[PDB]
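Number of protein chains: 2
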Amino acid sequence: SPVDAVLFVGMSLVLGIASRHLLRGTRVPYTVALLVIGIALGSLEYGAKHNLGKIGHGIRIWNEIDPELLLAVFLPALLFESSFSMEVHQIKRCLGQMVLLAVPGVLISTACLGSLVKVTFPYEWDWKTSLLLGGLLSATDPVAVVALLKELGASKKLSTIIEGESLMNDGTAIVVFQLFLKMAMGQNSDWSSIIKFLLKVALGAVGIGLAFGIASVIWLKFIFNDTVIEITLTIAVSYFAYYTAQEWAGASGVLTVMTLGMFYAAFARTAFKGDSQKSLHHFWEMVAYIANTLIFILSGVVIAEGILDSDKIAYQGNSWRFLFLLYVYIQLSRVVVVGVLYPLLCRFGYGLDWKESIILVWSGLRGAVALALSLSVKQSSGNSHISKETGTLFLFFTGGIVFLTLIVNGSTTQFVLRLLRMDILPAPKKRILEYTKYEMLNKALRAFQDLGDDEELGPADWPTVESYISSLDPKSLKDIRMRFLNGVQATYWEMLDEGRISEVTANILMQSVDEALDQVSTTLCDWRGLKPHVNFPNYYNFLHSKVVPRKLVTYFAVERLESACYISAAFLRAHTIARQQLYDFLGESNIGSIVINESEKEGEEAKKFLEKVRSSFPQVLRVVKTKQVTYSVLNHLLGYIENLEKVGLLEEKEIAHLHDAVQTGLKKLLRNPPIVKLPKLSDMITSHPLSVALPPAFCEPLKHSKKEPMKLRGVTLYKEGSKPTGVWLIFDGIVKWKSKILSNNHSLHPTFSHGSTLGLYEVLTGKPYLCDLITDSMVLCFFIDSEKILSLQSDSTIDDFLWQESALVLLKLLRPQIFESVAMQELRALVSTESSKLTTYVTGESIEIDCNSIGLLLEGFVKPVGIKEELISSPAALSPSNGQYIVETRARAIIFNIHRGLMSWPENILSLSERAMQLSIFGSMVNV
Amino acid sequence: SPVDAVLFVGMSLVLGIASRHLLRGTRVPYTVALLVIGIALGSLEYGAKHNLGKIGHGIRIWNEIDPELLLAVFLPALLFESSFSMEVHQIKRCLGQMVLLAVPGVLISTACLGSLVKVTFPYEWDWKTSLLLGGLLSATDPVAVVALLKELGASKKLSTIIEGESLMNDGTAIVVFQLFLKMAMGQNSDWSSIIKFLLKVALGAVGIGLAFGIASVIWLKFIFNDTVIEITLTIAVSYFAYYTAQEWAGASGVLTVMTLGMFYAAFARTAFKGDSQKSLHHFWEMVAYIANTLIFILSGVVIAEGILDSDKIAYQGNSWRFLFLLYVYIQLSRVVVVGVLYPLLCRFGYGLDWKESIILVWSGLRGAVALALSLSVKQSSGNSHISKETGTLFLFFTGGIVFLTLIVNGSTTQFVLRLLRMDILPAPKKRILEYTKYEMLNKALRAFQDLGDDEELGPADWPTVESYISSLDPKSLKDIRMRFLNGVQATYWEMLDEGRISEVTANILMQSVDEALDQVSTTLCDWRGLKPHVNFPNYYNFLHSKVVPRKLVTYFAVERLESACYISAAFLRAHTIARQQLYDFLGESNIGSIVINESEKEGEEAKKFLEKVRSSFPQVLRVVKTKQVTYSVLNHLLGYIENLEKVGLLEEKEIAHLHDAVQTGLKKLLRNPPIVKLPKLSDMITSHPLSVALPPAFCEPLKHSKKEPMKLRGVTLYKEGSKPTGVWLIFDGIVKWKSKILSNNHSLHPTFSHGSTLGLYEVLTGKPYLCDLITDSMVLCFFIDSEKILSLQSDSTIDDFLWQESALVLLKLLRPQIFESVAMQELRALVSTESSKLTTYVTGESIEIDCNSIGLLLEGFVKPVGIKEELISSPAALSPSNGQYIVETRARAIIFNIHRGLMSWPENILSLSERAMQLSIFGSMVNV
Ligand SMILES: CCCCCCCCCCCCCCCC
Ligand SMILES: CCCCCCCCCCCCCCCC
Ligand SMILES: CCCCCCCCCCCCCCCC
Ligand SMILES: CCCCCCCCCCCCCCCC
């Protein structure tokens, strides 16, 4: 007999799947179909009293459910996914509005609804019962609202506001529901008892949720490679926190589960495995789906049971009159709440104008949370406090309100949104969507070439493949700003793809750019959306508060400045890249220079933050950079291991060992910031590329002590035109170079960084300093005298290397139009290639610059052919004029063999053998 | 009060997580800890009668579980993942052994155990009760055995055998358990009733499972983009099939759920979404985990309850004596089963030698299925048929046997496997593992370069990244065969990565190569493992049986020859590629030629199968190739959309629309083979690259009728030395070319394919046919006369194109050392480039062949410089001798600007500026 509850669950799930599948893209939630199906089924079982056989047995078994078991099983299932899929950064952006719409919004709605259904309803209810109903059906469902917002097409700001207030209204409304339910149960008669009950049920529930979250997050941090226990841990901790709060501490288990889910959303994005995230979210979304379906069908069944009893509440008239009165009361209470909070709602978080206010009012969808609360009231009814007729009325009214709100609100808020002209996609977003569709076309055609060379199967059919994918200026400052922001977006996309930034950092940066794309008429506001995430509050860790460890200080600083450092570095890198790209796309136009200077002025707060990090905490950026690099490394290893697993190339014991090793490395990363040894001067010397030339005897004068490598920002390294007093080794930081003498035209990013030595050209030649260096950051720089460098010129193997270093520096100096937007590791690869040749040239010879190569004069004089006799100075960067140069004096030279379309998309995009190629690859012809 | 069952579930889950986490890499299943914990907890609640408070309330609630509700909730949860994660191709490889170990193996074990516990046990049991116990504890658990095999390290053959027999022993043993349980309930007294009960409970259960599988698979095929209802559909169909079989049809719900899971494993790999697969498998594995944990803890609790009752079965002595007797009876019965079936087990499927037989005997792990069956017997005990003492004895004995088997078998089968020397990894697999680790090192270092250029954060710390990844001839015919098979493996990996083959096809091919890597001493046996998957049984569809539709015939042929065509084409392509690669790695050694000829002889059955497909069903390969190409295209689009979703670049409504479109395209693909229009002669002409030269007036002589494009294999197209009677257009198929006159040295793959026209050089010049063409397949070839081609020489825009086509053909003819292993679409790109120049050269001029380019003489004579005067013929392929050529007569020439390390891994793998580069990127220095 009890096995028929399994049948009830199975048939309810099948009906839920059928309703969800049939009512997709219909404006009509499948939940109204579930409620109607449950009501009809309960009418068959109870009103008409037909023989449903084993169907009716399960129906009756589930109708005899315990109220408190009902809540304990279903409410965590409903609410955990809503609270856990919460995205933390949009919530921190609109949290003032969230709490405003949650706590006082629910309080005002409860007051209005309770007063109205007290004064008007004919059931001679109490104030306790009236306010219990008011606070019951004051909880906007997060599942229904999220499902509505998926297909609604509203803006991200309004979608975030509505979703967050919907998921917090549940907590507040269930708190007040428990308060007034205990009141109706003859408790909480005094104000002091009210305060104690609220204090316990709210704060203790939040504390239990936080404690369980902390314990489970630490446990997850110590669970390395197991994606099954990571999800069953969420199940166990959720259903154990609910029990510990409701039964053991007497708190609110719902608030405990919601705080647990929010703690998981905040501090457990790195506690779970990366590939365990999708499975865990899918499982909890499915559990919410199953709980919602079961609650809707059970609520329908029990409504049919209760309103077709001896009393026949369904044939009383007053039931329906006051059901529609209750619906208009819902609408008026939501209007009152939004209007009262509007003067404060429009000033906090995201701006709320009158258009978003109408959608906020109209998206008052009631769902399975209110249904579950009223069902628990109905199932516990029949005693002296809440009569059976009253509990049946509560369930009937709540079910009718859920039905009416869904039908008249989910189906009509799309109309209200298309009206008021809030569904229109703005021009930058339309351009971006067209670019993405164009790139998808390019990917499809490229995949079609890559598989067109098959002799066994033959040729494919392009028309069929197309059928399956058949659903895919320089003077205006506004458009140039829009192109620049598109370039910044493209650079963020590129660095996310290459692994330089994580998905959360990428989302934050992309959201900032999307915000900035609406103010392209005014100055670039790209950093405005990043300012909330980049803050440096205080550094009291150096006031002896935590200098005794000196060891936890790095931990708190890194955990406290990790995401901000990533955001600042990514912002600066993307702005530099997009600035260079906009210079290449526009060339020399004054509007391009205006936007370039705008970006340079805007990128000052990020540099100031990075300076604060460098000064206050000199070791944090090393740890942060190391963590980023090894995180990307381990993700690349994970991708490789996933490909190995798919192909089945390795033994399942060896590939499992590799997977365990990489996943353990990732968990140990995201558990604890890397313990990076702070480099002294000795190991910074030995890690500099100049150290191969410097002998170990010169490397150990007390490990080159007595000099602090730190140089403050704005400190000149050496003045231009000065004598070669020495060279500078850049172990870290940024140095700017200025030179009016040098042909520094259009040097957009004059900069040298770590692993660079500056001044070798001058000390090796004796010529005055070619450029003016000033430190642009906290530079870890060491000075070695020219005597030490010049004394190294004994051997010819070291002279070659020193002149190649000089070649590097002058390549980034003499020719910055090509070699400034390249790393000085790629440039070292270019110079260090065996094909590159350093040559001392006797007077009267010729230098062989040619096609597909470049050369740079080091020391000497050269005169060309076919042009008026010119005495070219020693630094020349000798480039092919024709795509010549008799050696004049004793010469030195070395010859080297030397998503990005979003900025310039609809600009950067025949023969009788080109048409044949299209025929040979494709079917007839396609405009590739 | 009933809310305490939620507490029981939560604490049981927490204890299960703790046991699984603590006992990882311990040889000890966490399930023994679960059983011990449950026994101790039940002892506290029932024996010692301590006040456990709300813990004991949940304990007692779950102790009062219904037996049949217990089975209905837990057995589908346990067994669905085991039956659904079943891999179909290894099962079809060893199915004879599977059924042999499942049906008669379980029958023999049941007979032995029942007879032994009837004759020896002191409880005066019946034959019905004795055989009920024997068939209860005759079900080897699939969950425990799978978990053991994950860490065991046994071969794939033995692992597959053990896993499959374990997951089918459950079906057979639960069938016999239901039979003998109904017998003990006073039923099935006659042989005819026995036959009817077996017929119903087995065949009707299989039929219900098949029907539910068919319905749900069609439903899934019509569910496009919803990964949540796709998993809750599995839940609903599983728990509805169980109910429909057990309660409505009276069949076995367990057999129904297992056949449903096997149907999902077989015919629903394409019914679910690709990205829904991992989430669905994770969910069902977690459900099996939760059910197993709950069953073990509940079984412990109820054992403690039953053996500490008034009877005190735990203090009787006989309980323990016959528990250990029952364990030795388990061991002897398994020995008897394996020994009796060995003469047949060693001849069917995978060979079973005496070493794998010992592991087969010893891996007799009993688990949660036997525990659940005995718990259902215990919970239903207390009546006249099965006494309370008997049911308690059943549960106690089954729990003790599960405990003893786990402790003494899971912990010691690793020892038994390391003994007998079955844990040693063979040399080819060790080499492959070392190659994978080397490639992971290369990936890690490359990811370290790609993020070393950061001016804001600074430099990373390579030692830390390394710390996080610190766990990573030409004369022997055997080694050359091993290298060739490694090259075939690498090519399979490459085509899986590029999307030419799916993951199932890749797994089949890789398994075939792994099998072949053990017989490298003998001839290449790569095709031996593919022969089971490549069969062409019959084609009665053309005997008027189904020619009336002519429309379903393609559907059945494609669904029936899809995977076989993929396997054959991939095998032939990979063998051609690896043959060319082995020629490049070895050069000219006779051993390399021996292996090359071995591969060519081996690749004949695949070509014969493709010929059978081409002859019998001329339209199937077009459909199959189109489906493959569009599947890869849609997967690439999915990857692009996933990257778009991660970055948050598009609106969540537009990106959702793109995702829905691509996923709908994929579901419509895997639902129905593409409807590819069979090309007539007219559209094949218009789709050939020669059709741009051919005017529409020449294209429509009744759409060029009266000629059938089909040419049988072995039909010569034109003989060498013959007059240019015409040219041939290759729309499909393969043509081989032979020419002793031409310098065809080391032409390893002489072949032209679709989109190629052959003979233009001869008709344009009048020279005799340079090579001998014979059709190597069913070629769709058209003949156009030389008069039509020569009459096209009026314009100079068409002459250029015709001579460029001739250049293509002669590039693949004159110079096959470079241009035969390239598509004739890439070669068309090379020739059609604006940098390529066709030139008519007046007598006495010079031709400018240079570096980084190639040239080919078309028509005329040429004499070189510095070598004895040579009169080079018209086809020359004029290549730079120095890295010259005075035009002799009226000349024609055109000048063109012209995982793979697995085969040659530990063979294909400083300066003072190279050491500095390592310093500038890394920390000190790493051997890159
Ligand atoms: C006493 C009346 C019946 C009470 C039923 C208890 C609630 C059980 C709900 C189980 C839902 C299972 C589906 C979960 C799939 C992820
Ligand atoms: C007397 C009836 C007892 C019922 C006990 C049910 C315990 C289930 C707790 C965990 C359920 C989690 C999944 C819920 C999905 C809707
Ligand atoms: C009447 C005694 C208690 C019977 C309990 C019914 C079985 C409910 C099992 C629910 C398990 C929920 C966990 C599923 C999570 C995926
Ligand atoms: C009187 C007690 C009724 C209990 C009904 C439980 C129904 C649950 C059916 C579906 C359970 C699926 C998940 C099981 C995971 C172990």
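Order-wise, the sequence lines are chains A and B.
So the first sequence is residues 32 to 503, 524 to 934, 958 to 972, 1007 to 1017, 1030 to 1048, counted in the entry's author numbering.
So the second sequence is residues 32 to 503, 524 to 934, 958 to 972, 1007 to 1017, 1030 to 1048, counted in the entry's author numbering.
We put the CB at the ideal spot given by N, CA and C, even for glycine.
Distance from the CA atom of residue 778 (chain B) to the CA atom of residue 812 (chain B), rounded to whole angstroms, is 9 Å.
In this structure, residue 149 (chain A) sits away from residue 215 (chain A), with a CB-CB distance that is not shorter than 8 Å.
Sixteen is the threshold: since fewer than 16 other Cβ atoms of the shown chains lie within 10 Å of the Cβ of residue 591 (chain B), the residue is exposed. With a cutoff of 7 Å, residue 40 (chain A) counts as near ligand 4, since its C-beta is closer than that to a heavy atom of the ligand.
Taking 7 Å as the cut-off, the C-beta of residue 482 (chain B) does not count as close to any heavy atom of ligand 4. Between residue 565 (chain B) and the set B:448, B:821, B:547 and B:536, the nearest pair of CA atoms involves B:536.
Taking non-hydrogen atoms of ligand 2 into account, the C-beta of residue 424 (chain B) is found less than 7 Å away from none of them. The beta carbon of residue 93 (chain A) sits closer than 7 Å to at least one heavy atom of ligand 1. Residue 336 (chain A) sits in a helix when the DSSP states are folded into three classes. As a beta-bridge residue in DSSP terms, residue 803 (chain A) pairs with A:786. Residue environment for residue 593 (chain A): exposed (fewer than 16 other C-beta atoms within 10 angstroms of its C-beta). Note on geometry: alpha-carbon atoms of residue 222 (chain A) and residue 231 (chain A) lie some 14 Å from one another. Counting C-beta pairs closer than 8 Å gives fewer than three between the region 99-114 of chain A and the region 419-428 of chain A, which falls short of the contact rule.
In the structure shown, residue 103 (chain B) falls within a helical segment according to DSSP collapsed to helix, strand and coil. The beta-carbon of residue 133 (chain B) is placed no less than 8 Å from the nearest beta-carbon of chain A. In this structure, residue 436 (chain B) lies away from residue 382 (chain B), with their beta-carbon atoms at least 8 Å apart. Put simply, of B:546, B:749, B:877 and B:713 the residue whose alpha carbon is nearest the alpha carbon of residue 843 (chain B) is B:749. For residue 908 (chain B), the uninterrupted beta strand (DSSP E) run begins and ends at 905-910, by DSSP. DSSP, reduced to helix, strand and coil, places residue 434 (chain B) within a helical segment of the structure shown.
A buried status is given to residue 407 (chain A), since no fewer than 16 other beta-carbon atoms sit within 10 Å of its beta-carbon. Per DSSP, the unbroken beta strand (DSSP E) holding residue 767 (chain B) starts and ends at 767-769.
Closest in C-alpha terms to residue 630 (chain A), from the list A:706, A:125 and A:538, comes A:538.
The alpha-carbon separation between residue 637 (chain A) and residue 643 (chain A) amounts to approximately 6 Å. Considering only A:445, A:166, A:69 and A:203, the residue with the shortest C-alpha distance to residue 331 (chain A) is A:69. Among the CB atoms of chain A, none fall inside 8 Å of the CB of residue 58 (chain B).
Fewer than three pairs of CB atoms, one per stretch, sit closer than 8 Å, so the region 291-301 of chain B makes no contact with the region 131-138 of chain B.
Chain B places a beta carbon closer than 8 Å to that of residue 874 (chain A), counting this residue as a contact.
For residue 361 (chain B), the secondary structure class from DSSP, reduced to helix, strand or coil, is helix.
For residue 124 (chain B), the closest Cβ of chain A is not nearer than 8 Å.
The beta carbon of residue 556 (chain A) does not come within 8 Å of any beta carbon belonging to chain B, so the residue lies off that interface.
When the five nearest sequence neighbours on each side are left out, the beta carbons in the same chain lying within less than 6 Å of the beta carbon of residue 632 (chain B) are those of 538 and 1011, in order along the chain.
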